[PDB]
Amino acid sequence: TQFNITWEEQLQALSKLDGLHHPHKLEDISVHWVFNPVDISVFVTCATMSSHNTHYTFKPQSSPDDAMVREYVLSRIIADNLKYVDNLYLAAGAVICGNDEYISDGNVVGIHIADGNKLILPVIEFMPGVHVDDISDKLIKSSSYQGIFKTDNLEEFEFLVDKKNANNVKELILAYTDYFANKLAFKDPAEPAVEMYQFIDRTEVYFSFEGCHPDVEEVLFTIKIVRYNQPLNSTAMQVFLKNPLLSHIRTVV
């Protein structure tokens, strides 16, 4: 470890978040980092005893040191535990429990399509520590075009996730929007970013948020919602979902 982040340091940072009482398991983190002069980026590896090593890459705005990397890793841990804030956790739980076909990882909500282990089409992905502006270039390149998305409108969410889930999903976005605006407020209020991209086969909507936390420069969080072009309600979807091959798709590590 170039340096260590104790679990107590993490818990003290997480304790400044409103409504957080059941964070993820926190262990001492051994942090390694290397600076790359060619592309001006820092590669960070975090190792704990229980979980497997996570890695990050960020672009430094001044010469890298341990203090900057420590602050960056904290911002990722803070963002990672927003999902466990009471009202945010409850808002996601209402989405998942409101649909027997929805099953959750913890970071991905997907439509259950087959049993293996389970097979899913992702529709909601939680992306802590990510903002859409940092990936918009590849999104513009790989998508057909960018569309518009009305932020607070129930009919938009009926389109995205159907009437069965529209209000729950809309409340999930609103819960994150309110939490960042009221509980992670900057002196100069940050506005949420909403960006919609159309692909050959799907619509993707990104909801990105910037939050103020005492111990870091910025807390980033993005929620991605996917709508596949064929309506999940009927037609080709029923032909596709009943094909028995799906229950024999194998995952090779």
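All residue numbers are counted from 1 along the displayed sequence.
S.K.: Checking chain continuity here. Are there deposited residues lacking coordinates between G116 and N117, and if so is it 1 to 3, 4 to 9, or 10 or more (or none)?
M.R.: Count of unmodelled residues in between: 1 to 3.
S.K.: Select between 15-23 and 235-243 the stretch whose C-alpha atoms have the higher average B-factor in the entry.
M.R.: The deposited B-factors put 235-243 ahead on the C-alpha mean.
S.K.: Quick check: 121-129 versus 107-115, which has the larger average CA B-factor in the record?
M.R.: The entry gives the higher C-alpha B-factor average to 107-115.
S.K.: Could you say which of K138, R76, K170, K83 has its CA atom at the highest B factor, as listed in the PDB entry?
M.R.: Most elevated C-alpha B-factor of the set, per the entry: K138.
S.K.: Looking at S62, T54, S208, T203, which has the biggest Cα B factor in the entry?
M.R.: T54 has the highest C-alpha B-factor of those listed.
S.K.: Report the third (lowest, middle or highest) to which the CA temperature factor of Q198 belongs, ranking only the modelled residues of the same chain.
M.R.: CA B-factor rank for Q198: middle third.
S.K.: Sorting by Cα B-factor within the chain, modelled residues only, which third would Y179 end up in: lowest, middle or highest?
M.R.: Tercile = lowest for this residue's CA B-factor.
S.K.: Lowest, middle or highest third of the chain for the C-alpha temperature factor of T151?
M.R.: Highest third, going by the recorded CA B-factors of the chain.
S.K.: Quick check for you: using the entry's CA B-factors within this chain, is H213 in the lowest, middle or highest third?
M.R.: Tercile = middle for this residue's CA B-factor.
S.K.: Going by the entry, which third of its chain does the Cα temperature factor of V44 land in?
M.R.: Ranked within chain, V44 CA B lands in the middle tercile.
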